[PDB]
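A.B. asks: Following this message is one structure expressed as structure tokens.
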Amino acid sequence: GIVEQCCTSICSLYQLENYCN
Amino acid sequence: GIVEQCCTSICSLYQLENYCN
Amino acid sequence: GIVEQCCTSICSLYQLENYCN
Amino acid sequence: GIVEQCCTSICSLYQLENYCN
Amino acid sequence: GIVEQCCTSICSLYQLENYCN
Amino acid sequence: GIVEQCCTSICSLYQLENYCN
Amino acid sequence: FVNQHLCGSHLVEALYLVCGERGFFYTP
Amino acid sequence: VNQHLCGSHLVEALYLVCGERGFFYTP
Amino acid sequence: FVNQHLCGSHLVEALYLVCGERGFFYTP
Amino acid sequence: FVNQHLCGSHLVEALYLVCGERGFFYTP
Amino acid sequence: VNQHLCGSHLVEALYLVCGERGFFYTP
Amino acid sequence: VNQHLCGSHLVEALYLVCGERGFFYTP
Ligand SMILES: [Cl-]
Ligand SMILES: [Cl-]
Ligand SMILES: [Zn+2]
Ligand SMILES: [Zn+2]
């Protein structure tokens, strides 16, 4: 998930945006 | 300025991008 | 809502727990 | 202390509460 | 107090240093 | 730079101050 | 408006800590 | 601890990028 | 009330950085 | 005055995330 | 640096969980 | 990620220590 995807390596704004709603 | 624009109104990330560089 | 309840009054951690899950 | 107890591994709310007052 | 002094006026880091220890 | 100087090891207030202006 | 934007930021912060493994939704 | 701390930056970043929409978060 | 709750959060933050090895008490 | 000091803190935070490798200047 | 950064999250978390009582912190 | 997170604390610390002057930041 986001912790898996964005904590081992940076997420762009667009990548982070997959977790909106 | 940024304080005058974004502390009175909410500024989105696209507005804020104009103060980068 | 949470903004309406906790930005007008201070909300403790027990109040806030009701918006978890 | 808290840095010893809560930075090598997560502290619950109750664990953190030992450091109140 | 610190809230009464630094939430009404802006407090610099030198003002704030007086509430350390 | 600051990331090089202040993320591998703590910077004092005075050290951080080199990056003001 | 701003008042509440900034408060929202602290609220998510606090919900993060409080909710634990529950997690949470936030909408403005 | 390192990922609890990252999570906390993540929600803050979500808060801003998501806007009106809001977001969901679970660890 | 909220104004000051949120300011308190920044204040602890700033006292953290400023006080260093001194540390600090905070009460609301 | 305080209102804006505290908002500035969130603004730098947001500029940090948004600007990426650009970076930014901030002045009050 | 890793523990200075953790400390900063710690005080914030203390600020919220302790409430009226407040707290004490030393590194 | 560890340095992106440190950066975020850095700017906050800069914001406070620099005051009227402000600061510049680049990663
Ligand atoms: Cl605030
Ligand atoms: Cl961190
Ligand atoms: Zn704030
Ligand atoms: Zn952090």
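Lettering and numbering for the structure tokens are positional, with chains as A, B, ... in the shown order, residues counted from 1 in each chain, and ligands counted from 1 in the shown order.
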May I have chain C as a compact mmCIF listing (two decimals) with C-alpha atoms, in the first residue's frame, after a least-squares superposition on chain D that uses all C-alpha atoms paired in order?

C.D. replies:
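Once written, out-v6.txt looks like this:
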# COMPACT_ATOMS: atom_id res chain seq x y z
CA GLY C 1 13.72 7.51 28.51
CA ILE C 2 10.91 8.30 26.10
CA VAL C 3 13.25 8.46 23.10
CA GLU C 4 14.87 5.17 24.03
CA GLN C 5 11.49 3.46 24.61
CA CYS C 6 9.34 5.04 21.80
CA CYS C 7 11.80 5.61 18.97
CA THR C 8 12.84 1.91 19.03
CA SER C 9 9.42 0.35 19.62
CA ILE C 10 6.10 1.97 18.74
CA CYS C 11 4.45 3.44 21.82
CA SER C 12 0.66 3.59 22.09
CA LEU C 13 -1.22 6.54 23.72
CA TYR C 14 -1.42 4.62 27.01
CA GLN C 15 2.38 4.15 27.13
CA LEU C 16 2.80 7.80 26.29
CA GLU C 17 0.39 8.85 29.06
CA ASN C 18 3.09 7.77 31.55
CA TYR C 19 5.29 10.68 30.48
CA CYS C 20 2.58 13.29 31.07
CA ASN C 21 2.29 15.82 33.95

A.B. asks: Using DSSP on the backbone coordinates, identify all residues within chain K classified as helix (DSSP H, G or I); present the result as a PyMOL selection string.

C.D. replies: chain K and resi 2-21

A.B. asks: Taking C-alpha atoms for each residue, export the selection above as a PDB file, in the first residue's frame.

C.D. replies:
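Everything below was put into part.pdb:
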ATOM      1  CA  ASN K   2      16.848   9.831  13.211  1.00  0.00           C
ATOM      2  CA  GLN K   3      16.179  10.324  16.952  1.00  0.00           C
ATOM      3  CA  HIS K   4      16.016  14.111  16.828  1.00  0.00           C
ATOM      4  CA  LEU K   5      13.248  13.592  14.248  1.00  0.00           C
ATOM      5  CA  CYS K   6      11.482  10.976  16.303  1.00  0.00           C
ATOM      6  CA  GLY K   7      11.635  13.347  19.329  1.00  0.00           C
ATOM      7  CA  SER K   8       9.805  15.960  17.376  1.00  0.00           C
ATOM      8  CA  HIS K   9       6.927  13.552  16.651  1.00  0.00           C
ATOM      9  CA  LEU K  10       7.043  12.474  20.289  1.00  0.00           C
ATOM     10  CA  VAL K  11       6.386  15.930  21.683  1.00  0.00           C
ATOM     11  CA  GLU K  12       3.582  16.465  19.284  1.00  0.00           C
ATOM     12  CA  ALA K  13       2.020  13.204  20.317  1.00  0.00           C
ATOM     13  CA  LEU K  14       2.562  14.084  23.985  1.00  0.00           C
ATOM     14  CA  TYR K  15       0.933  17.463  23.443  1.00  0.00           C
ATOM     15  CA  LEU K  16      -2.292  15.745  22.319  1.00  0.00           C
ATOM     16  CA  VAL K  17      -2.451  12.747  24.640  1.00  0.00           C
ATOM     17  CA  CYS K  18      -1.646  14.726  27.811  1.00  0.00           C
ATOM     18  CA  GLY K  19      -4.226  17.471  27.362  1.00  0.00           C
ATOM     19  CA  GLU K  20      -4.851  19.876  30.331  1.00  0.00           C
ATOM     20  CA  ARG K  21      -2.028  18.127  32.262  1.00  0.00           C
TER      21      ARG K  21
END

A.B. asks: Could you pull out the residues sitting within 8 Å of ligand 1, using only C-alpha atoms and all ligand atoms, and write them as a compact mmCIF listing (two decimals) with N, CA and C atoms, in the first residue's frame?

C.D. replies:
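Final output, selection.txt:
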# COMPACT_ATOMS: atom_id res chain seq x y z
N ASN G 3 -8.07 29.37 8.72
CA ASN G 3 -8.47 28.85 10.04
C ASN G 3 -8.79 27.32 9.94
N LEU G 6 -6.06 24.87 8.13
CA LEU G 6 -4.91 24.66 9.02
C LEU G 6 -5.28 23.76 10.17
N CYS G 7 -6.50 23.89 10.65
CA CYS G 7 -6.99 23.01 11.69
C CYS G 7 -7.14 21.58 11.15
N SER G 9 -5.33 20.12 9.03
CA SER G 9 -4.00 19.54 8.99
C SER G 9 -3.58 18.93 10.34
N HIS G 10 -3.85 19.65 11.41
CA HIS G 10 -3.71 19.09 12.73
C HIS G 10 -4.64 17.98 13.06
N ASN I 3 -7.73 28.23 17.82
CA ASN I 3 -6.64 29.23 17.72
C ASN I 3 -5.47 28.86 18.67
N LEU I 6 -3.97 25.05 18.53
CA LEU I 6 -3.16 24.87 17.32
C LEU I 6 -1.86 25.62 17.44
N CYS I 7 -1.89 26.77 18.08
CA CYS I 7 -0.68 27.52 18.34
C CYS I 7 0.22 26.75 19.34
N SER I 9 0.58 23.64 19.61
CA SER I 9 1.24 22.58 18.87
C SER I 9 2.52 23.06 18.17
N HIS I 10 2.45 24.22 17.55
CA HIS I 10 3.63 24.87 17.05
C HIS I 10 4.60 25.32 18.09
N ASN J 3 -1.91 34.01 13.69
CA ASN J 3 -2.64 33.59 12.48
C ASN J 3 -1.65 33.39 11.29
N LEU J 6 1.67 31.08 11.88
CA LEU J 6 1.30 29.66 11.92
C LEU J 6 0.93 29.17 10.54
N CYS J 7 0.30 30.02 9.76
CA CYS J 7 -0.01 29.69 8.38
C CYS J 7 1.29 29.57 7.55
N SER J 9 4.09 28.50 8.51
CA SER J 9 4.68 27.21 8.82
C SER J 9 4.09 26.07 7.97
N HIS J 10 2.79 26.07 7.82
CA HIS J 10 2.15 25.19 6.87
C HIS J 10 2.47 25.45 5.44

A.B. asks: Residues of chain H within 12 Å of chain C, counting only C-alpha atoms, what are they? List them as an NGL selection string.

C.D. replies: :H and (24-27)

A.B. asks: Could those residues be written to a file, using C-alpha atoms, as a compact mmCIF listing (two decimals), in the first residue's frame?

C.D. replies:
# COMPACT_ATOMS: atom_id res chain seq x y z
CA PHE H 24 -8.54 7.34 3.21
CA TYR H 25 -5.66 5.97 5.25
CA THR H 26 -4.91 2.64 6.94
CA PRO H 27 -1.47 1.32 8.22

A.B. asks: With a cut-off of 9 Å and counting only C-alpha atoms, select all residues of chain G in contact with chain A and give the selection as number ranges by chain.

C.D. replies: G: 25-27

A.B. asks: Expressed in Å to a single decimal, how great is the separation between CA of residue 8 in chain J and CA of residue 28 in chain J?

C.D. replies: 7.7 Å

A.B. asks: Please indicate the distance in Å from CA of residue 23 in chain L to CA of residue 12 in chain J, rounded to one decimal place.

C.D. replies: 10.3 Å

A.B. asks: Would you mind reading off the distance between CA of residue 11 in chain J and CA of residue 4 in chain G, one decimal, in Å?

C.D. replies: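 Separating CA of residue 11 in chain J from CA of residue 4 in chain G is a distance of 14.3 Å.
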
A.B. asks: Please identify all residues of chain G having at least one atom at most 9 Å from any atom of chain K, considering only C-alpha atoms, and return them as a list in words.

C.D. replies: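 So the residues of chain G near chain K are residues 14, 17 and 18 of chain G.
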